[PDB]
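All remarks here apply to the structure that follows.
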Amino acid sequence: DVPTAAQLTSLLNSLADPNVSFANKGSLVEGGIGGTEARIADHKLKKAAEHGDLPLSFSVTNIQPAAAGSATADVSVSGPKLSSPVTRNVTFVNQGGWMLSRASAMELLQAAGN
């Protein structure tokens, strides 16, 4: 079993939602988001809003399996700040719906700024 493109971009959308604090995005990431982890993602999203970086847009391709019921995908992110899209390969995990792996979620977090 593999997630559909729509499932993943719907997930990345919710993650990317500035109206919602990451304390309430726990359900979207593997193992949830600690009070540390969450405070950073809140600030970086916050800063990206203030700089007009949003809304981000995600095209997902190259869905692939992984062990222990995980999946791989290439997500390309666009936005009014990004002259050309940025593509990462991140892995998702599926426990009651699909979520960003904890690895890939600390990965994207680290890579977004500062």
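Given the structure, is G52 free of Cβ contacts under 8 Å to residues at least 60 places away in the same chain and exposed (fewer than 15 other Cβ atoms within 10 Å of the Cβ)?
Details: free of Cβ contacts under 8 Å to residues at least 60 places away in the same chain: yes; exposed (fewer than 15 other Cβ atoms within 10 Å of the Cβ): yes.
Considered against the rule, which asks whether it is free of Cβ contacts under 8 Å to residues at least 60 places away in the same chain and exposed (fewer than 15 other Cβ atoms within 10 Å of the Cβ), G52 comes out as yes.
Just one of the numbered conditions (1) within 14 Å of the chain's Cα centre (by Cα); (2) free of Cβ contacts under 8 Å to residues at least 40 places away in the same chain; (3) under 23 Å from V93 (Cα atoms) is not true of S78; which one?
Status for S78: all satisfied but (3).
Restricting to the stretch 1-55, give me the number of residues that are in contact with a helix residue (DSSP H, G or I) (Cβ under 8 Å, 6 or more places away or on another chain) and of a type in the set (A, V, I, L, M, F, W, C).
Count: 14.
Name every residue in the stretch 5-26 that is within 21 Å of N89 (Cα to Cα), out of contact with any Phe, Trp or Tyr (no Cβ under 9 Å at 6 or more places or on another chain) and touching a residue at least 24 places away in the same chain (Cβ under 8 Å), in order of residue number.
Matches in the stretch 5-26: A5 only.
Can you name the residue in the stretch 81-114 that is under 12 Å from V60 (Cβ atoms) and free of Cβ contacts under 8 Å to residues at least 24 places away in the same chain and is also surrounded by the most Cβ atoms within 10 Å (Cβ to Cβ) among such residues?
Out of the qualifying residues, it is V90.
Need a quick list: strands (runs of 3 or more DSSP E) entirely within the stretch 25-114 having at least 3 residues that are β-branched (V, I, T) and in contact with a strand residue (DSSP E or B) (Cβ under 6 Å, 6 or more places away or on another chain). Don't jump to the end; show me each part of the working.
On the way: elements: 57-66, 70-78, 86-94, 98-100.
Where strands (runs of 3 or more DSSP E) fall fully within the stretch 25-114 and carry at least 3 residues being β-branched (V, I, T) and in contact with a strand residue (DSSP E or B) (Cβ under 6 Å, 6 or more places away or on another chain), they are 57-66, 70-78, 86-94.
FYI the Cβ positions are ideal-geometry reconstructions off the backbone, even for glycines, and counts take in every protein chain you see. Each value in this text was obtained by applying a stated rule to the coordinates, not by laboratory testing.
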